[PDB]
Structures are given as structure tokens and as C-alpha cells.
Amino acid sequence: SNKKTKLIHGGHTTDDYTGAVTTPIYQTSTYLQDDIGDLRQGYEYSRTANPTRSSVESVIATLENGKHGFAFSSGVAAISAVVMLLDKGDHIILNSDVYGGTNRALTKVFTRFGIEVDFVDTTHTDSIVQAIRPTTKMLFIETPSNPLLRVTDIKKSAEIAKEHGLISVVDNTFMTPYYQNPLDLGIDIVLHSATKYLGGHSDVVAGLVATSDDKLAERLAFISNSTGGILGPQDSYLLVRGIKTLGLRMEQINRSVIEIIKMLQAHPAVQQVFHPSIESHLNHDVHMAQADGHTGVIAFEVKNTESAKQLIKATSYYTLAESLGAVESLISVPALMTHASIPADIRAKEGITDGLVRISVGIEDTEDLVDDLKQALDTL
């Protein structure tokens, strides 16, 4: 019924045979056949299907109200599988500030295979309509985006995509199925870096894909079986396990996010704050209309590089590392860590200033995270 209950009881995460209340880990590559072609339970080769992976696939399908789930060895493997629904000569529209790994896969791997790519600012959906070519076959959006949390209208993107015969795809990593369900809004395919919130514990690299479309699912299965970027059984198990606490973790993260944003907006050493909960944020109304909560990623400006480094050194509970969606609160400086290859002037123009800090809020005590960040800001 309700979400926290569905997290526990939705999908197949028990063993029908023994009754084990957790999914067994099928550390196996192949399966006995009783007669040639006769498969006891539908399994014949683990690359094609593995029962632990099938369990996590059913979880993501259930959580996104889809029919089909697919587990990949990483988020970018999920993205690559989805892009491989296209042919040489096909064209993709992506939101212009799409994830660096996504940008790099598309512009440096798949353009060598004749996939044409255009980045457009989808915060105004009519941009999509302008960018559509006769060869356009896919519309790929993250919302909210990294690191400035730009919001894109999911329902309108789905309508545009249906009208123009496009496969619509949403990278729902930042929101998780707990707050935002793109398939409910008309999108064809939803994907996740389960490396982030879903696994939740910084100990799995994994991607998950869900869809309700039987032909898209058949094609995704074929691509998974042929290019073989499958998630292994141990990681599938740890994914199923981490997802159990998704709702509790996201809700704690959200309480902390609200309070941290109040602090940041009040602090003199902080200039701009980027997060879809702020009412002056572009498409705040759209986000509230398509999501029931918030990502834990917040970005904000301090003065310069020296202040950002000082902030990192002075916090006790914000940890300097890559990635997001940990139980630990994570801190980073995009201009130095994710966007350093970009010329300084283009970083400035895009808003990636030297003192732009990104925090990923964890599940520590709210008052501790607020006070720690505030005292560190006070050292500026």
C-alpha cells in the first residue's frame, strides 16, 4: 500500500523453495537441464538470467511501477545499453548539463558509432521541440541535474516524445523511486545509478533500468545478453538489501536538507544556493508537481577555491570523496573534481565557480550536520 511498506514487501525477495526471508545469492554460472531444453525454473546461463539478479530486477520494476527490470554492472552500463537501442544515424536530445560520464559515453564512444547528439536546456520543454530532427529517436533527461539541480518537466517531455515518436528516458538517480516515478508520467524507460541512493551504502557499483514496454524490454534483454554488462549476484543481493531502508534514509536526508538549506540561505559566507526546494528555483512548481520529496544533493557558492578547501578541512562530518547517496555526508568541489578539464571561463559561464561546493547529505543527525557545516562556514 504505502511506500515504506512496498519497499519491504514489493518484488520477489524471498526464496520460494526454502522459505528464506532474504534472496539467496546464486554464485553460479550455469544450471542443470533435466532434458535438452527443459529448464527447471527458467534458468540456463547466468549471463542470460541469474535468480539473485532477477530478484533485484523485480524490485526495481515494482518500485517504478514498471513491468520489466534490468540490472547492469554500473549506471553507465545501463545508460550504454539504453543508448544501444539506437542505430548509426539516429539522434539523441539530452539535457545540456547531463552527467559527465553520460556526456563522455555519448560524445566520445557513441558518436564514433554514428549516434548524433544534441544537448539542449530542457528546463523549457519547447527547446526539445525545436531540437527535434527527422532523425531524432530518443529523448534522455535527468531531473534534477548535477551539480546545479536544474528541473525538467517530466510529463511534458513524455508528451512531446510520444507525439514525435521518440523513446523517452529519465535518469531518476537523484530522486529515487521513493519520490519520483517517471513511468507513471508517460516516460518509456527509467534508469538509475544504483551506486548512489538505492544501494545506499557506498559498497556497490550498479545500474538499474525499468520499463513497461514489452518491445523495449525485449530489445534491452537482447542488448544485455549480447554486450554482457550484467550485475553479479553478490552485488544484486547487496542492492536488494540496501533498498530495504531507502525510505527511512531518504526521509532522514530530506529533514536534514530542509534545515541545512535554511542555514545556508542565512549565512553571510554563502552566496547562491541551488536546490529544487527553494521557491525561487526555476521550475520549483514543476518539481513539486512531479515529485513528493527532494534529492539530498545541494550546491552552494562560497567566495573562492581557498574558502572551499577551508570548508572541507573544517567540517567534522562532511567527507571528501566522489559519488553521492552514501550514509555519510559527502562534500566536493566540482570545478576541481568533475569539471576541471573545462576552461575556467566556460566554467564561470555555466555557474561552476571556483567556490561552488556540492554536498550530498547523508543520514547523520540533522542538528549535527547543520551545526558542523555552520561552524565551518564561520571559519571563513
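Numbers follow the displayed sequence, beginning with 1.
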With reference to the PDB entry, specify whether the mean Cα temperature factor is higher for 300-308 or for 74-82. 300-308
Ranked by mean Cα B-factor in the entry, 217-225 and 95-103, top stretch is 95-103
Among 62, 52, 46, 332, the highest C-alpha B-factor in the PDB entry belongs to 332
Sort 204, 250, 170, 269 by C-alpha B-factor from the entry and give me just the highest. 269
Check where residue 124 lands among this chain's C-alpha B-factors and tell me if it's the lowest, middle or highest third. highest
Just say lowest, middle or highest third for the CA B-factor of residue 371 relative to the other modelled residues in its chain. middle
CA B-factor ranking of residue 163, expressed as a third of its chain: highest
Of the three thirds of Cα B-factor ranks in this chain, residue 25 occupies the lowest
Should residue 116 be placed in the lowest, middle or highest third of its chain by the C-alpha B factor in the entry? highest
